[PDB]
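These notes concern the structure reproduced below.
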Amino acid sequence: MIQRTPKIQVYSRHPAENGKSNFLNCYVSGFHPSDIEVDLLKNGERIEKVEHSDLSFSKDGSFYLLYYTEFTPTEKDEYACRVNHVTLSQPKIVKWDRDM
């Protein structure tokens with residue numbers, strides 16, 4: 001009896017170049033149970049095109065699922081992955097690691 005929390009790994013796929021498209025990699029690993037709500041956002045708005053990989057087993061019971069958009073960073077931007085889950089419940093606004 002132990003509930004595994006989603007480990008946040010919200011990194012830049014492409015380099016964070018001003019006024020040029022960039023894919024987010026909200027790589028959410030180890031969410032038990034599988035019933036997660038990764039409702040990722042852009043500058044406050046909701047992304048009605050959540051592209052999702054596979055609920056894949058890292059080592060039989062740890063789900064490494066990528067939730068990737070393609071956002072257009074301007075300059076004074078602020079993208080964020082929304083990580084709600086049965087463990088967390090609350091709106092956990094992850095701050096995208098562009099400074100990486």
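For the structure tokens, the naming scheme is as follows: chains receive sequential letters (A, B, ...) according to their order of presentation, residues are indexed from 1 within each chain, and ligands are indexed from 1 in presentation order.
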Check: If you run DSSP on the backbone, which residues of chain A are strand (DSSP E), as a PyMOL selection string?
Finding: chain A and resi 10-12+22-29+37-38+41-42+45-46+51-52+64-68+70-71+79-84+93-95
Notebook entry, point to check: Between CA of residue 61 (chain A) and CA of residue 6 (chain A), what is the distance, to one decimal in Å?
Noted result: 12.5 Å
Taking only residues of region 4-32 of chain A that have an atom at most 10 Å from an atom of region 36-41 of chain A, what is each one's shortest atom pair and its distance in Å to one decimal, using only C-alpha atoms, in chain and number order, as a Markdown table?
```
| residue | atom | partner | partner_atom | distance |
| --- | --- | --- | --- | --- |
| A:6 | CA | A:36 | CA | 8.8 |
| A:24 | CA | A:40 | CA | 9.7 |
| A:26 | CA | A:40 | CA | 8.4 |
| A:28 | CA | A:38 | CA | 8.5 |
| A:31 | CA | A:36 | CA | 7.1 |
| A:32 | CA | A:36 | CA | 8.4 |
```
Grab the residues selected above and save them as a CSV table (one decimal), in the first residue's frame with N, CA and C atoms.
```
chain,number,residue,atom,x,y,z
A,6,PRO,N,3.1,11.7,-9.5
A,6,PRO,CA,3.7,12.1,-10.8
A,6,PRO,C,5.0,12.9,-10.6
A,24,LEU,N,6.7,21.4,-26.0
A,24,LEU,CA,6.8,21.1,-24.6
A,24,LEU,C,7.0,19.6,-24.4
A,26,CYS,N,6.2,17.7,-21.2
A,26,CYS,CA,5.7,17.4,-19.9
A,26,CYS,C,5.7,15.9,-19.7
A,28,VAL,N,5.6,13.0,-17.6
A,28,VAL,CA,5.0,12.7,-16.3
A,28,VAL,C,5.2,11.2,-16.0
A,31,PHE,N,2.7,7.8,-12.1
A,31,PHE,CA,1.4,8.2,-11.6
A,31,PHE,C,0.5,7.0,-11.3
A,32,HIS,N,0.5,6.6,-10.0
A,32,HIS,CA,-0.4,5.5,-9.6
A,32,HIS,C,-1.6,6.1,-8.8
```
Note to self: Given only C-alpha atoms as the basis, pick out the residue of A:43, A:84, A:72, A:34 nearest to residue 14 (chain A).
What the structure shows: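 Closest to residue 14 (chain A), using only C-alpha atoms: A:72.
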Item checked: Selected residue of minimal separation from residue 63 (chain A) among A:1, A:19, A:99, A:7, counting only C-alpha atoms ->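 Smallest separation from residue 63 (chain A) among the options: A:7.
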Next item on the list: Grab the CA of residue 98 (chain A) to CA of residue 30 (chain A) distance for me, in Å with one decimal place.
Entry: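 Those two atoms sit 23.0 Å apart.
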Next item on the list: For each of A:75, A:4, A:97, A:49, take the minimum atom-to-atom distance to residue 62 (chain A), counting only C-alpha atoms, then give the residue where this is smallest.
Entry: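 The closest residue to residue 62 (chain A) is A:4.
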